[PDB]
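The chain below stands alone and is given in structure tokens; this is the form deposited without this ligand.
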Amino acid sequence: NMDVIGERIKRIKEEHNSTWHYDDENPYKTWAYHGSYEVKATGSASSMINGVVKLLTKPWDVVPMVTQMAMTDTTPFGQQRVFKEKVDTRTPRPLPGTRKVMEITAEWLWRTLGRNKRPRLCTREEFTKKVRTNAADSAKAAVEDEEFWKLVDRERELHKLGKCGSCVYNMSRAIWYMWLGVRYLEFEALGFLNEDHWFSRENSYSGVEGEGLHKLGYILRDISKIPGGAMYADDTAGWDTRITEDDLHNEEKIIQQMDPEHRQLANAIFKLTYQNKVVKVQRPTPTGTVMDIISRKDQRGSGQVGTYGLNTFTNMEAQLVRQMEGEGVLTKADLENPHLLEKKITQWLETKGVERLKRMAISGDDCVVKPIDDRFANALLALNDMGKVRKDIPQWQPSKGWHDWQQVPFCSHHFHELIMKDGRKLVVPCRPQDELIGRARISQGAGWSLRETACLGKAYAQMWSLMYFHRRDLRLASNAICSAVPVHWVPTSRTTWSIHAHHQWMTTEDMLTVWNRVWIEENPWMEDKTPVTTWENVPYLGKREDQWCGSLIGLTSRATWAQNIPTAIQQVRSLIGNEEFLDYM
């Protein structure tokens, strides 16, 4: 395997020849270990607390989930722990018949996805514009430097020769240039999947790319109208670690639809950075901290450009295979059979495939499936055999589905149908409230001024106004944060990296105006475009639902907090200084 990965290791070895060594106490069992070199410790044992959000959410100072989120270890100790538990495993190879069905389904799926769109290369200017409209950091400085682009051209020339020299995945200025350059090249060859929305619902049927969190609930409610069995939402245990060599070969089939110049570069990403990979991971030792150089031929690199799209692809494929087994199209004998008859698989795909894709909502490893009946609950032979073993359940125990789309978990949320005072219905996203408060209380990094902290707090408050306004405690805390932070201060940083986040809260525009735009004007499931003129007409969950989902409403500590909130707002204001503030209470 050194013929593909050798050059990359050689450059790492030569760059760190001062401290390069083969550690014999290295813990890698399924990854090939190449060597180590000394580094300085990266990450922290805990996370920095947002004092603005914390001062305005006092009742949650005594909440266990809120305290757990304040932790999260990112040190070389924390890295090694998660690695041992998840990453250092081997997925048994699927059976010959399973491999055949997967190949037939992948070919059909790629042709269906490419029926209107044609693959294309992504550019230097697209990558630049994206980096620009994100930070405005060191990534924007590299994009601005012509010497970074000349390193890109040189690595590209190697890729055209079927070689790689610096595309290394990470679990001072030269190494940063090689990392960003590796990501640019991946984006150039596979970025079209994201940039041209191959996984939009109109293009993929099952996909939800570009839809946004506030649209996911409406999609689940539309799926519920399709005749069939229950709605299933099974969680795979560590999806990225279950991506097999057979999955990678099926994913690669997209190169068949590419122009010759694009195919060569995409083939280079697939063969050299997906099907072979060189990975850097930190590790503590009695001597200090080391960086290990490891490699393998399968699994998915979590941080890559193609990750979301290719996980969505393989999960759509895997769920269609499970649907076929549920329908009796695929038997136990079929999966073991190398000479499995292609005809009934092709017939099912050509006659039912698209209708079956419409019964699903698939976002990377997250899936919701409404099969034609409940035989799907016990259709586990292919799912387990493909390596997509469900999390925290015996392997052969039937899946439990839901007969109400409002109970279905999808993308860390569930969704409620609300009735507004004017009789119109809204479908809103929701999750346990402690997870929302616990996240907002976290500031990312260190050395942040009260202004930056207050502005991130404002971002969280405004996200709650737009997505979670239906939670009494979050509307109150949101109003308190926005009252404590100067009106003209622009929310900074980000509340989430989710593909489902459109960041409509990253503004100084009136939140009720933005609310109306999102939930009324631009909402395709809102036939009546009558604007809501007051927050008084913006609904809450029913009190019992709010409580079932974590509200502290009805508690004394909460009644005391609500009563005394103008005092805490005033305290934050007095520390921020002589700025313009608006009272939202």
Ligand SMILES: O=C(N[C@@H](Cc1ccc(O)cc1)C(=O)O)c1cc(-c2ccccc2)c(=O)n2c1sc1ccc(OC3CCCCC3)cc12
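We call the rigid core the largest set of C-alpha positions that still match within 1.5 Å between the two forms. In this text, residue numbers run from 1 along the sequence as written.
Higher C-alpha RMS shift from the shown form in 7 other deposited structures of this protein - 347-355 or 172-180, rigid core fit
Higher average C-alpha offset in 7 other deposited structures of this protein goes to 172-180.
Please determine whether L185 lacks coordinates in at least a third of the other PDB entries of this protein that model its flanking residues.
Counting only entries that model residues on both sides, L185 is resolved in every one of them.
When the other entries of this protein are compared, is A136 unmodelled in at least a third of them?
yes, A136 frequently unmodelled elsewhere, at least a third of entries.
Count class of coordinate-free deposited residues lying between the neighbours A136 and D137
A long stretch, 10 or more residues, is missing between them.
Extent of unmodelled deposited sequence, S172 relative to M171
Missing in between: 10 or more residues.
Comparing 539-547 with 25-33, which stretch shows the greater average C-alpha B-factor in the deposited entry?
Per the PDB entry, the higher value belongs to 25-33.
Between 269-277 and 310-318 (mean CA B-factor, as deposited), the higher
Result of the comparison: 269-277.
Most elevated Cα B-factor in the entry, residues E146, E252, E155, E188:
Comparing C-alpha B-factors across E146, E252, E155, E188, the maximum falls on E146.
Top residue by Cα temperature factor, when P371, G445, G212, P429 are compared in the entry:
In this record, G445 carries the highest C-alpha B-factor of the candidates.
Relative to the other modelled residues in the chain, which third contains the C-alpha temperature factor of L383: lowest, middle or highest?
For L383, the deposited C-alpha B-factor lands in the lowest third.
Relative C-alpha B-factor of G97, binned into the chain's lowest, middle or highest third:
Its C-alpha B-factor, which the entry lists for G97, ranks in the lowest third among residues of this chain.
Quick check on the deposited entry: does the C-alpha B-factor of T42 sit in the lowest, middle or highest third of its chain?
As the PDB entry reports it, the C-alpha B-factor of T42 lands in the highest third of its chain.
For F415, return the chain-relative third of its C-alpha B-factor as stated in the PDB record: lowest, middle or highest.
Lowest third.
Would you please rank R424 by its C-alpha temperature factor against the other modelled residues of its chain and give the third it falls in: lowest, middle or highest?
Middle third, going by the recorded CA B-factors of the chain.
There is another form of the same protein, the form deposited with this ligand bound; it is not shown, and what comes next is about it.
Examine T244 and determine whether its closest non-hydrogen atom to this ligand in the entry with it bound is within 4.5 angstroms.
Output for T244 is no: heavy atoms all beyond 4.5 Å of this ligand.
Using 4.5 Å between non-hydrogen atoms, is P227 touching this ligand in the entry with it bound?
Contact with this ligand, no.
With the partner left out here, check for me: in the entry with it bound, does some heavy atom of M506 sit within 4.5 Å of this ligand?
No, no contact at 4.5 Å.
Would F77 sit within 4.5 Å of this ligand in the entry with it bound, counting heavy atoms only?
Contact check for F77: no, nothing within 4.5 Å of this ligand in the entry with it bound.
Going by heavy atoms within 4.5 Å, which of 199-207, 229-237, 303-311, 341-349 lines up against this ligand in the entry with it bound?
In the other structure, the partner sits against 303-311.
Note which of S295, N194, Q433, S166 lies within 4.5 Å of this ligand in the entry with it bound, where distance is taken over heavy atoms; exactly one does.
Selected residue: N194.
Taking this ligand in the entry with it bound as the reference, which of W108, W149, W179, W402 has a non-hydrogen atom within 4.5 Å?
Going through each option in turn, the one that passes is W179.
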